[PDB]
Amino acid sequence: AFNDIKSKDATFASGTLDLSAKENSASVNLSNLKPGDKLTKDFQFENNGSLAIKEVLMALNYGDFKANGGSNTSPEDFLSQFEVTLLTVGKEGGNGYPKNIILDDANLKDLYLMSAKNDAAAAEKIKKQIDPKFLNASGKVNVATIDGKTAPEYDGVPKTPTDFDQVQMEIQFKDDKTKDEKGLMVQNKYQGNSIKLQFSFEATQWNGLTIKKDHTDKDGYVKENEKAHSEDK
Amino acid sequence: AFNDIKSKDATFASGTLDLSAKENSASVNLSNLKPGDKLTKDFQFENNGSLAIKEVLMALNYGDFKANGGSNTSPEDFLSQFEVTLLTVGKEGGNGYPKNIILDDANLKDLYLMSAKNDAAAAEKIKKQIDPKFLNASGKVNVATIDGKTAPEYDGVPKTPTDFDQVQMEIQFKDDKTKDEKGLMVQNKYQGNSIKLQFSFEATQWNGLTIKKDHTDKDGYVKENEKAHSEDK
Amino acid sequence: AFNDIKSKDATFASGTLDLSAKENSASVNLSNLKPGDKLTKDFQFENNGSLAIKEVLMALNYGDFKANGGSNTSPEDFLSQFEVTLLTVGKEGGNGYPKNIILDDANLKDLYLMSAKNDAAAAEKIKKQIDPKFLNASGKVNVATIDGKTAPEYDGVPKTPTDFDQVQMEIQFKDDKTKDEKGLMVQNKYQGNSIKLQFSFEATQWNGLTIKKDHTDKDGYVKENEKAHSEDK
């Protein structure tokens, strides 16, 4: 009836990831628009968590339709009259490519349908008129920098190399320009209409990583999780 | 399986534009006319909408031909016997030019043909006998003030500077004065003829404008859309 | 692509003028005349149209020459043997002048030549033997009342003041009284000759009038066109 007991110690901890997503826009809210006008919106993404981000996914949503004086009461019709002219993921950041236009004259009705409802036809049309490599199966659009040939480490706003990503979007109020036989043009129905837009950004983290001696620090913390390309094959 | 969501807000609104087009004429309807008589009509244009007008386009239409006792039953022949003597776009308004006569002894048959049917020959004849700078490809005649050297801001009845445009038109019943061999003059056929005229005014808005920080107000509303020369190059 | 349409209404009408020209003569047709005889013809002019007359112009024409038994076959020679003794434009009408004789022993050959053929010599002779103020460039003779100092409004048989104009003409068969050496007098050639006379009256309207607020009625009709002196300077 002889025995002995030996024990060992081991502590496990988990990291966190946060997204800043500052606006820095010129006006944020615009009113009294007329057809043919062009808008401008900016976004700045920075890392505020221990873990390293991989990409940021953009979603579009609407609400609070008013139709004060127009003859149109369908929010979808009003939203369909706004075309997003360009979406530059590079902007001021000179890492790798200075500026990159992933957009080719898209629309917002299609973007809403393929971003929230995940409609098949809208997704097909967007993929026909957008960069294929900036899309995901979920339907959202990647906005963070990707595939940096000069500096692969500056991919998906990591933390160990201090990186911030600036993106520009240009929104244009399309004019239809078709005159009726009576003499009143059809786009007159969108007079006084007001809509609210919801711009949602989702940040994801990389895949799993097999931890070895080199990846971790001298004791405790792992440094590889804070850097880009942390995931294994 | 870590992620986070960030959202942003944005509201878009559209403006409206309206035209007042008061008459203020002396008699509006005139009867018992005889050849050689001269008429007088007035019009006052004011802005009643959020957006800023660029020009007002005038159209002419007829209807309700009666021919009570005359031997003429063609409305075109009766309409061809009225010449519009003058069309003063300035009138009482002293902004820039006090008075400007854009018309040189025009006719109403030609005006109808080049204003509604858009006939090529009538348009050519009018352009030969009218001011070229007050015309458009659509065929209608601009009536609002334009090219104000003293005050460029008072162009096309804007809203931010309170402007109203007064226009006069003079209509004369032309006499033909050719006597037949029998002794009855030919213009006797237009005795008792009555016609109704439709004076249509169309107000258009400027072209697209690229919105920047200076153009918009402190928050929301844009002031540039309410002023003249809002459109870009 | 914003616009709006405004329209206005306007109706134009034209008046008519008619002449009554009743005869009221004693016998109308006279036969079996002999030299030295005197005739009598009357005319009454009234207004039967919306517009207001200015003057009535008289023309003379002949036809249907027979020469049953005379040795003269020229209608001109037979017509030259009738002298119109007097032409009173006043007659029973007491407005202003009761009676006015515009004629001084005229002839009918000269009247025909200066009224239809518009011969220069006949017109000169008539102007030498007629009142200059009752003539026109066309050559016809004004018959309606003119230049009424007491009542200027009763000029040229207007409509608003109910006026009718009565005119008398006296025709005398002149006797030549020259005896030939054989013993047969020359005027014997005009025996059995018969001629038909055409008395033509033309009514004219005033010149053009610039229509203002006072001239027209409350709505529509213009009253100035129904009154004398409607034309402007």
# chains A, B, ... in the order shown; residues from 1 in each chain; ligands from 1
call {"tool": "residues_around", "arguments": {"residues": "residue 155 of chain A", "least_positions_apart": "5", "cutoff": "8 Å", "atoms": "only C-alpha atoms", "output": "JSON, numbers by chain"}}
result
{"A": [54, 144, 145, 146, 147, 148, 228, 229]}
call {"tool": "closest_atom_pairs", "arguments": {"of": "chain A", "to": "chain C", "cutoff": "12 Å", "atoms": "only C-alpha atoms", "output": "tab-separated table"}}
result
residue	atom	partner	partner_atom	distance
A:33	CA	C:2	CA	11.3
A:34	CA	C:2	CA	7.9
A:35	CA	C:1	CA	5.8
A:36	CA	C:1	CA	7.9
A:37	CA	C:1	CA	10.9
A:81	CA	C:1	CA	11.7
A:173	CA	C:1	CA	10.2
A:174	CA	C:1	CA	8.9
A:175	CA	C:1	CA	5.5
A:176	CA	C:1	CA	6.7
A:177	CA	C:1	CA	5.7
A:178	CA	C:1	CA	8.4
A:179	CA	C:1	CA	9.3
A:180	CA	C:3	CA	11.3
A:182	CA	C:5	CA	9.1
A:183	CA	C:5	CA	6.9
A:184	CA	C:4	CA	6.1
A:185	CA	C:3	CA	6.7
A:186	CA	C:1	CA	8.6
A:187	CA	C:1	CA	6.4
A:188	CA	C:2	CA	5.5
A:189	CA	C:2	CA	9.1
A:190	CA	C:2	CA	9.1
A:191	CA	C:2	CA	8.4
A:192	CA	C:2	CA	11.8
call {"tool": "atom_distance", "arguments": {"atom1": "atom CA of residue 122 of chain A", "atom2": "atom CA of residue 67 of chain A"}}
result
25.4 Å
call {"tool": "residues_around", "arguments": {"residues": "residue 45 of chain A", "least_positions_apart": "4", "cutoff": "7 Å", "atoms": "only C-alpha atoms", "output": "PyMOL selection string"}}
result
chain A and resi 19-22+164-166
call {"tool": "atom_distance", "arguments": {"atom1": "atom CA of residue 154 of chain C", "atom2": "atom CA of residue 169 of chain C"}}
result
21.9 Å
call {"tool": "select_by_dssp", "arguments": {"residues": "segment 12-222 of chain B", "states": "strand (DSSP E)", "output": "ChimeraX atom specification"}}
result
/B:12-14,30-33,41-46,53-63,82-88,141-142,164-173,194-205
call {"tool": "residues_around", "arguments": {"residues": "segment 89-101 of chain B", "least_positions_apart": "4", "cutoff": "12 Å", "atoms": "only C-alpha atoms", "output": "MDAnalysis selection string"}}
result
chainID B and resid 41:45 56 58 84:85 105:106 130:131 134 141:157 161:170
call {"tool": "atom_distance", "arguments": {"atom1": "atom CA of residue 87 of chain B", "atom2": "atom CA of residue 195 of chain B"}}
result
21.0 Å
call {"tool": "select_by_dssp", "arguments": {"residues": "chain B", "states": "helix (DSSP H, G or I)", "output": "JSON, numbers by chain"}}
result
{"B": [75, 76, 77, 78, 79, 108, 109, 110, 111, 112, 113, 114, 115, 120, 121, 122, 123, 124, 125, 126, 127, 128, 132, 133, 134, 186, 187, 188, 189, 224, 225, 226]}
call {"tool": "residues_around", "arguments": {"residues": "residue 197 of chain C", "least_positions_apart": "5", "cutoff": "7 Å", "atoms": "only C-alpha atoms", "output": "VMD selection string"}}
result
chain C and resid 61 to 63
call {"tool": "write_last_selection", "arguments": {"atoms": "N, CA, C and O atoms", "output": "PDB file, in the first residue's frame"}}
result
ATOM      1  N   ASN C  61     -71.221 102.087-111.148  1.00  0.00           N
ATOM      2  CA  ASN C  61     -70.949 101.190-112.261  1.00  0.00           C
ATOM      3  C   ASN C  61     -72.197 101.099-113.127  1.00  0.00           C
ATOM      4  O   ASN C  61     -73.316 101.327-112.661  1.00  0.00           O
ATOM      5  N   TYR C  62     -71.997 100.765-114.397  1.00  0.00           N
ATOM      6  CA  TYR C  62     -73.086 100.696-115.361  1.00  0.00           C
ATOM      7  C   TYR C  62     -73.092  99.334-116.050  1.00  0.00           C
ATOM      8  O   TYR C  62     -72.206  98.501-115.845  1.00  0.00           O
ATOM      9  N   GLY C  63     -74.109  99.121-116.874  1.00  0.00           N
ATOM     10  CA  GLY C  63     -74.220  97.893-117.636  1.00  0.00           C
ATOM     11  C   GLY C  63     -75.582  97.794-118.279  1.00  0.00           C
ATOM     12  O   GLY C  63     -76.477  98.610-118.038  1.00  0.00           O
TER      13      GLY C  63
END
call {"tool": "residues_around", "arguments": {"residues": "residue 107 of chain C", "least_positions_apart": "5", "cutoff": "8 Å", "atoms": "only C-alpha atoms", "output": "VMD selection string"}}
result
chain C and resid 80 82 to 84
call {"tool": "write_last_selection", "arguments": {"atoms": "N, CA and C atoms", "output": "compact mmCIF listing (two decimals), in the first residue's frame"}}
result
# COMPACT_ATOMS: atom_id res chain seq x y z
N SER C 80 -73.05 110.19 -120.15
CA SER C 80 -72.53 111.54 -120.00
C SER C 80 -73.61 112.61 -120.00
N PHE C 82 -76.28 112.70 -118.06
CA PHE C 82 -76.94 112.76 -116.76
C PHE C 82 -76.01 113.47 -115.78
N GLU C 83 -76.48 114.59 -115.23
CA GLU C 83 -75.74 115.32 -114.21
C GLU C 83 -76.42 115.13 -112.86
N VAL C 84 -75.62 114.79 -111.85
CA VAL C 84 -76.12 114.66 -110.49
C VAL C 84 -76.11 116.05 -109.84
call {"tool": "closest_residue", "arguments": {"among": "A:40, A:199, A:103, A:86", "to": "residue 115 of chain A", "atoms": "only C-alpha atoms"}}
result
A:199
call {"tool": "decode", "arguments": {"residues": "segment 99-228 of chain A", "atoms": "C-alpha atoms", "output": "JSON list (two decimals), in the first residue's frame"}}
result
[["chain", "number", "residue", "atom", "x", "y", "z"],
["A", 99, "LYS", "CA", -4.55, 53.59, -54.09],
["A", 100, "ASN", "CA", -6.69, 50.70, -55.33],
["A", 101, "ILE", "CA", -10.21, 50.98, -56.76],
["A", 102, "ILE", "CA", -12.09, 47.74, -56.12],
["A", 103, "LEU", "CA", -15.37, 49.17, -57.42],
["A", 104, "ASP", "CA", -16.73, 49.62, -60.95],
["A", 105, "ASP", "CA", -19.90, 51.77, -60.86],
["A", 106, "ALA", "CA", -21.87, 49.69, -58.37],
["A", 107, "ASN", "CA", -25.37, 50.26, -56.97],
["A", 108, "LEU", "CA", -26.74, 50.36, -53.42],
["A", 109, "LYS", "CA", -29.90, 48.29, -53.93],
["A", 110, "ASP", "CA", -27.74, 45.42, -55.19],
["A", 111, "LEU", "CA", -25.24, 45.99, -52.38],
["A", 112, "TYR", "CA", -28.02, 45.86, -49.79],
["A", 113, "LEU", "CA", -29.52, 42.73, -51.34],
["A", 114, "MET", "CA", -26.18, 40.88, -51.48],
["A", 115, "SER", "CA", -24.90, 42.18, -48.12],
["A", 116, "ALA", "CA", -27.84, 41.59, -45.75],
["A", 117, "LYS", "CA", -30.43, 39.43, -47.53],
["A", 118, "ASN", "CA", -27.63, 37.57, -49.39],
["A", 119, "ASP", "CA", -29.67, 37.36, -52.59],
["A", 120, "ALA", "CA", -28.13, 35.24, -55.34],
["A", 121, "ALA", "CA", -28.92, 37.56, -58.26],
["A", 122, "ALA", "CA", -27.54, 40.65, -56.52],
["A", 123, "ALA", "CA", -24.38, 38.77, -55.53],
["A", 124, "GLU", "CA", -23.92, 37.59, -59.12],
["A", 125, "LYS", "CA", -24.36, 41.12, -60.49],
["A", 126, "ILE", "CA", -21.94, 42.58, -57.93],
["A", 127, "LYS", "CA", -19.34, 39.90, -58.69],
["A", 128, "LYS", "CA", -19.82, 40.80, -62.35],
["A", 129, "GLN", "CA", -19.18, 44.49, -61.57],
["A", 130, "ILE", "CA", -16.67, 44.25, -58.68],
["A", 131, "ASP", "CA", -13.21, 42.86, -57.97],
["A", 132, "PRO", "CA", -13.62, 39.10, -57.34],
["A", 133, "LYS", "CA", -10.73, 38.90, -54.87],
["A", 134, "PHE", "CA", -12.32, 41.35, -52.40],
["A", 135, "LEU", "CA", -15.41, 39.21, -51.72],
["A", 136, "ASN", "CA", -16.34, 36.42, -49.31],
["A", 137, "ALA", "CA", -18.90, 33.62, -49.20],
["A", 138, "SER", "CA", -20.82, 35.56, -46.54],
["A", 139, "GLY", "CA", -21.49, 38.26, -49.14],
["A", 140, "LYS", "CA", -19.77, 41.16, -47.39],
["A", 141, "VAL", "CA", -16.96, 43.18, -48.99],
["A", 142, "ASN", "CA", -13.44, 43.16, -47.59],
["A", 143, "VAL", "CA", -12.11, 46.67, -47.00],
["A", 144, "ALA", "CA", -8.80, 46.06, -45.25],
["A", 145, "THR", "CA", -5.55, 45.92, -47.21],
["A", 146, "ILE", "CA", -4.74, 42.49, -48.64],
["A", 147, "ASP", "CA", -2.00, 40.83, -50.71],
["A", 148, "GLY", "CA", 0.75, 43.36, -50.08],
["A", 149, "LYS", "CA", 3.64, 42.26, -52.29],
["A", 150, "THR", "CA", 6.08, 44.83, -50.89],
["A", 151, "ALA", "CA", 5.22, 44.26, -47.20],
["A", 152, "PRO", "CA", 3.22, 41.06, -46.61],
["A", 153, "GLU", "CA", 3.39, 41.72, -42.87],
["A", 154, "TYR", "CA", 1.10, 44.77, -43.26],
["A", 155, "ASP", "CA", -1.91, 42.60, -44.11],
["A", 156, "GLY", "CA", -5.28, 43.00, -42.40],
["A", 157, "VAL", "CA", -4.31, 45.76, -39.91],
["A", 158, "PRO", "CA", -2.10, 43.70, -37.55],
["A", 159, "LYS", "CA", -0.81, 44.91, -34.16],
["A", 160, "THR", "CA", 2.93, 44.21, -33.91],
["A", 161, "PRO", "CA", 3.61, 46.45, -36.94],
["A", 162, "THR", "CA", 1.51, 49.53, -36.18],
["A", 163, "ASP", "CA", -0.79, 49.80, -39.20],
["A", 164, "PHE", "CA", -3.94, 51.82, -39.87],
["A", 165, "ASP", "CA", -6.07, 51.49, -43.00],
["A", 166, "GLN", "CA", -7.87, 54.41, -44.66],
["A", 167, "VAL", "CA", -10.73, 53.88, -47.12],
["A", 168, "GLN", "CA", -12.72, 56.33, -49.26],
["A", 169, "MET", "CA", -16.20, 55.87, -50.70],
["A", 170, "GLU", "CA", -17.88, 58.12, -53.26],
["A", 171, "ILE", "CA", -21.67, 58.14, -53.56],
["A", 172, "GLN", "CA", -23.43, 59.79, -56.51],
["A", 173, "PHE", "CA", -27.15, 60.58, -56.84],
["A", 174, "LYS", "CA", -27.90, 59.19, -60.29],
["A", 175, "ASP", "CA", -30.09, 61.15, -62.70],
["A", 176, "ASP", "CA", -32.44, 59.18, -64.92],
["A", 177, "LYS", "CA", -33.29, 61.86, -67.53],
["A", 178, "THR", "CA", -36.38, 60.49, -69.27],
["A", 179, "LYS", "CA", -39.20, 62.91, -70.02],
["A", 180, "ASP", "CA", -42.85, 61.88, -70.02],
["A", 181, "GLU", "CA", -45.36, 62.84, -72.71],
["A", 182, "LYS", "CA", -47.13, 65.15, -70.24],
["A", 183, "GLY", "CA", -43.88, 67.02, -69.55],
["A", 184, "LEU", "CA", -43.10, 65.94, -65.97],
["A", 185, "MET", "CA", -40.01, 63.77, -65.59],
["A", 186, "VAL", "CA", -40.36, 60.53, -63.66],
["A", 187, "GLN", "CA", -37.56, 61.13, -61.14],
["A", 188, "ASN", "CA", -39.64, 63.97, -59.68],
["A", 189, "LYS", "CA", -41.23, 61.36, -57.40],
["A", 190, "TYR", "CA", -38.06, 61.30, -55.25],
["A", 191, "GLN", "CA", -38.57, 64.84, -53.93],
["A", 192, "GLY", "CA", -38.22, 65.25, -50.18],
["A", 193, "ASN", "CA", -37.43, 61.58, -49.61],
["A", 194, "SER", "CA", -35.05, 60.91, -46.72],
["A", 195, "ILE", "CA", -33.39, 57.61, -45.82],
["A", 196, "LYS", "CA", -30.93, 56.49, -43.14],
["A", 197, "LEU", "CA", -27.98, 54.22, -43.92],
["A", 198, "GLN", "CA", -26.31, 51.73, -41.57],
["A", 199, "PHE", "CA", -22.66, 51.02, -42.38],
["A", 200, "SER", "CA", -21.58, 47.93, -40.43],
["A", 201, "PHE", "CA", -17.96, 46.77, -40.20],
["A", 202, "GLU", "CA", -17.01, 43.31, -38.93],
["A", 203, "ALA", "CA", -13.44, 42.34, -38.04],
["A", 204, "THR", "CA", -12.39, 38.68, -38.19],
["A", 205, "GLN", "CA", -9.34, 36.86, -36.85],
["A", 206, "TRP", "CA", -7.05, 34.35, -38.54],
["A", 207, "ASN", "CA", -7.25, 30.55, -38.44],
["A", 208, "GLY", "CA", -5.62, 28.20, -35.95],
["A", 209, "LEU", "CA", -1.88, 28.15, -35.33],
["A", 210, "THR", "CA", 0.26, 25.29, -34.05],
["A", 211, "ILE", "CA", 2.35, 26.81, -31.26],
["A", 212, "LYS", "CA", 6.05, 25.95, -31.13],
["A", 213, "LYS", "CA", 9.11, 27.26, -29.31],
["A", 214, "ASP", "CA", 9.90, 30.00, -31.84],
["A", 215, "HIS", "CA", 6.35, 31.37, -31.98],
["A", 216, "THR", "CA", 6.06, 32.04, -28.25],
["A", 217, "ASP", "CA", 8.05, 34.54, -26.20],
["A", 218, "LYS", "CA", 10.59, 33.65, -23.51],
["A", 219, "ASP", "CA", 7.80, 32.92, -21.00],
["A", 220, "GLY", "CA", 4.03, 33.11, -21.31],
["A", 221, "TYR", "CA", 2.94, 35.47, -24.07],
["A", 222, "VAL", "CA", 2.91, 34.35, -27.71],
["A", 223, "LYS", "CA", 4.06, 36.96, -30.22],
["A", 224, "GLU", "CA", 2.94, 35.17, -33.39],
["A", 225, "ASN", "CA", -0.74, 35.76, -32.60],
["A", 226, "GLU", "CA", -0.08, 39.52, -32.75],
["A", 227, "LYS", "CA", 1.38, 39.34, -36.28],
["A", 228, "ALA", "CA", -0.12, 38.79, -39.71]]
